[PDB]
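Let me begin by presenting the structure, written as structure tokens, before commenting on it.
We call the chains A, B, C, D, E, F, G and H, going by the order they appear; numbering starts again at 1 in every chain.
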Amino acid sequence: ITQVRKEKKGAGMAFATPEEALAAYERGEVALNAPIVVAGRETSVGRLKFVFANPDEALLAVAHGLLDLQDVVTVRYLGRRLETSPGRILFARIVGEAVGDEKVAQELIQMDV
Amino acid sequence: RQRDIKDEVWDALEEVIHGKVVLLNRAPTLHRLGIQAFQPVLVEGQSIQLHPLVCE
Amino acid sequence: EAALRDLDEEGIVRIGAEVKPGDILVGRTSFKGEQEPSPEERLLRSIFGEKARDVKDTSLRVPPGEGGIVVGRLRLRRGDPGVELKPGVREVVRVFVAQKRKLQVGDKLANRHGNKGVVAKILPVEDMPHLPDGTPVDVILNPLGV
Amino acid sequence: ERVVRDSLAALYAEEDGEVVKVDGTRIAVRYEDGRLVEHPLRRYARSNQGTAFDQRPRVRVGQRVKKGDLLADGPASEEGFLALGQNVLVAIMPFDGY
Amino acid sequence: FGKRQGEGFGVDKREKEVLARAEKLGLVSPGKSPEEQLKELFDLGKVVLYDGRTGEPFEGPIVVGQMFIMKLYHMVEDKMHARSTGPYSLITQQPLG
Amino acid sequence: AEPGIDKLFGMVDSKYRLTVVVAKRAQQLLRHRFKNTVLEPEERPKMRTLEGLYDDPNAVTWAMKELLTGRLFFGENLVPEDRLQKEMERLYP
Amino acid sequence: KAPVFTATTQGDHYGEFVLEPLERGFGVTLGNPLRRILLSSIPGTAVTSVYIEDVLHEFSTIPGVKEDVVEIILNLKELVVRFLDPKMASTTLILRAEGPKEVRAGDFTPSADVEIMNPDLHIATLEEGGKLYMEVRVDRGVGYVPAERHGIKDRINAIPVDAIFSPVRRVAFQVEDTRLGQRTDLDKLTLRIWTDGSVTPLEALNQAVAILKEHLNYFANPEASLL
Amino acid sequence: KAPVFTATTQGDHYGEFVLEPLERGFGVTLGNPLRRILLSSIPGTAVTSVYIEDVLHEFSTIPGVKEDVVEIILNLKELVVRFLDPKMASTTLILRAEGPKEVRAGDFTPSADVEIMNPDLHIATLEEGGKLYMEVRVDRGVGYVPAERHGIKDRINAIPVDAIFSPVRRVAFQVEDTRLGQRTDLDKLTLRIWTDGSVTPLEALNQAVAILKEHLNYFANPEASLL
């Protein structure tokens, strides 16, 4: 779960607006987790695609087949806007719910790797 | 005599069992961790069930 | 009475009798070393009035963890042709007991390639990783051993 | 094959002939040489370790056997081949830490 | 698969899912129909497996097939023993082995 | 397991002291049939059984919760041993 | 809207039940549970307790019979017997064979209420003078219960055999893309059921859904707590 | 036999449900479908669109407000309302705020049949001289529908928002082996349910099993075409 996918199909393709990257994904010219440059910022298709206000929504979208846990997206977690994977947030919540305090859990876990 | 064993004696067995622990041993014994305390849990089958973490 | 069931004539178990651990395969009686019953003991003996008798029970009973059905029967008694038995010994009685053993939790399984293993819990046919044609798999081995 | 043959745990045809009977005790064969030879079958004999030694005949009554041809299998034999374990359908994968 | 379509069945949706995620990680050549991808996966030894507990397919493809497996001498039947109070040796009072 | 074990570790310097304490307390409890307890009916460690939910016959657990309360006093040369056991039997038949 | 339920069967052995359209992912949500309860809890048949005249135990060798009693019993587990009466919880099938013939499941002495769904099932080969008297006691129930569990005692030499009750041999289901929706991504559920013939796949499906429903209304009025 | 069903809940948000004792294999059989249903089925709340002032683009910043458009959109996805009538499948909520203000969901201008069950929530932070007018479009739906699926402009520059429909946050059940007398193998089914509070987990559960048995009643009338 904590391992994140990277595809080479997009291959750092540049777009002016997120819409071009979007349509480019529809068409299959640019991969999901493939690193791309939208506007001047560097991001991924999935990061613009899936933006969640909370872990529960993310896991709902994932468990419904719209997304996989290994994909890089954007999510709002513990008062922070993060670009990470659903399975990782899952991990953090596993540890937190195991200990009972997700705050100190998140404090001592590496969410980077 | 006569392995008459009935739910009475099994539930009584779990009456004496409760809260008490037994020592598990694996040869060769190198560490002290080669012996660790665990609980009786009555289970069908003749094999002893061990936790996956303490295996190491 | 009930423990003497399958013992038909000479005190040997019949052919095709299930023998539980503790059940008597063949009966035998050996005179006890003559000694007093203890005061409490003889108080009991008097209470039940059951005659303290001579011989005591030496009978062979199948060991714990073992049991099955009786197939073979062999009796070699001395004073009979074809057999010479060692001095002091009257007769030897031997019983074949066969067991039907299905695969059980904890039994060992392995392949020709040197992959060992123990049976860890059996799984009902209901939940199995199966094929699209409904054909379930028979084992589920772990790749991490490879 | 040769394993089950040289193990002598199986019954074969000593010469050319015909099976005149089966059942689980005596497989009788009338050989070309004219002699009628029955082969007694050992059924469920206790071994050293306790593993049963058994011989199951595969021949129909009345078909003519060649010489060296199989009559009855061994405990570890199937139609003249070594049968040790069984062939099962395996899936290689982690299952619930079991 | 020929017998699958002979019985009037196409490719299952769950199989399309597994084939998709196998395609993303590149176990099958992109652009090829689900039949040819299931084909490319099949000769790899890996097929699509459904979990009998859920009914949902396993994320990755899993090798299955016929293995020759052996029951051996050691059994729990013979090797399980426990004791409370039994006989003891005459010389020293240690229990027997 | 044995909940509160961390706090129990914190109660004493050396662990073996704690073990001795729990041992002797469980001993007292087994002696007097759980009538010397400092616990209250709600705090009593109840074993779940279909026949009914009873007092946990395990004295060790009882001693654990007992020391977890803090109503128990422990130490070296605290009271004379003889008088201790003496009036110990004096209180509870 | 209302899904169109079609049932296309074959014989008493095979059946195919198509339900479409359905919600996204629902084909699994339905298909799998029914498959489980099918393969497990469907009430069966398949004997109990076998006796042969000269046989004191399962490993005895019967004169005139090429097969040992354990292989014959092994073939007696494969015997599919159907009751025509829901009232009969048990019965006894009698079989007698002589001479150089081959004893099969269709050679049993016929009786009311009982029928063999596989008359070509091989029991034993009988040679010259081979005479086999056999009586099988067929009870019926649900699931897989080994012989080592149930006691019998019905006669001194009576032999307990393993019992596979559930009439369902195998169940598969396929979820596909249905043309029958307002939208895309809708499921067509196809239930493929293979049974021995004691119970038709349709009946099996019926009582499976019934059991599932009964276990479904097990959720009623619970007891409440608020920590 | 007859299983005991118990329910331990907390507030209108959280709930726990235990079915036990239960026959083997049935714990998962019940567990998975209800889990799939609760997330993919139960009817609901959840805004579809949002229109805002002086912003024509989804990524473009808003003067006078600390949070950008996206953050506001997220906070609006967190917002949970309730309809007081079945007749209304859609509505429109309005909001206007000026000057230094902490803008909550309670400051949202009310509507006829629309009741906000989330009065205390953080929508936006308005600085000195901050001007905010917005009209959010809240429709009624099920499961989860992304902004990609249905984009919605009933307004000139309306921003389609991911609509999280199902009132159920997360399910996450568990089965464990429990014992009664002899047999240690029985299914103890512990089903936890998280919801937003529009419906209490008990209601969501009963409604779910209602949907399930409704789908199970879909096997009634067979039409036989024999291959």
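Going forward, a residue touches a chain if its C-beta (ideal position, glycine included) is under 8 Å from a C-beta of that chain, and two chains touch if they have at least 3 such contacts.
Composition by chain, UniProt nomenclature: F = DNA-directed RNA polymerase subunit omega; G, H = DNA-directed RNA polymerase subunit alpha.
Colleague: Between D-G and B-H, flag the pair that has more C-beta pairs in contact.
Modeller: D-G
Colleague: Of all the chains, which has the CA centre nearest the overall CA centre?
Modeller: Measuring from the global C-alpha mean, the nearest chain centre belongs to E.
Colleague: Report the inter-chain centroid distance for chain D and chain H in whole angstrom, where each centroid is the mean of the CA atoms.
Modeller: Computed from C-alpha means, the inter-chain centre distance equals 68 Å.
Colleague: Based only on mean CA positions, could you tell me how far chain E sits from chain H in angstrom?
Modeller: Computed from C-alpha means, the inter-chain centre distance equals 37 Å.
Colleague: Please work out the Cα centroid separation of chain E and chain F, and write it as a whole number of Å.
Modeller: 51
Colleague: Nearest whole angstrom, what separates the Cα centre of chain C from the Cα centre of chain F?
Modeller: So the centroids are 47 Å from each other.
Colleague: Give the residues of chain G that touch two or more other chains, as numbers and ranges in rising order.
Modeller: Answer for chain G, listing residues that touch two or more other chains: 25, 28-29, 32-33, 35-36, 40, 59, 173-174.
Colleague: Give the residues of chain E touching no fewer than two other chains, as numbers and ranges.
Modeller: 12, 49-50, 52-55, 58, 62, 64, 67-71, 73, 76-77, 80
Colleague: Among the residues of chain B, which ones contact at least 2 other chains?
Modeller: In chain B, residues 11, 45-47 touch at least two other chains, as defined above.
Colleague: In their complex, what parts of chain B are in touch with chain H?
Modeller: Going by the criterion above, the answer is residues 7, 10-11, 42-44.
Colleague: If we count contacts the way the header does, which residues on chain D are in touch with chain G in the complex?
Modeller: So the residues of chain D touching chain G come out as 21-25, 43-44, 56-57, 60-61.
Colleague: Applying the document's contact rule, which stretches of chain E touch chain B when the two form their complex?
Modeller: 76-77, 80
Colleague: Sort out for me which residues of chain B touch chain E in the complex.
Modeller: That would be residues 45-47 of chain B.
Colleague: Quick check on the complex: what are the chain H residues that touch chain A?
Modeller: That would be residues 39-40, 58-59, 70-71, 74-75, 77-78, 143-144, 146, 148, 162, 164, 166, 169-170, 194 of chain H.
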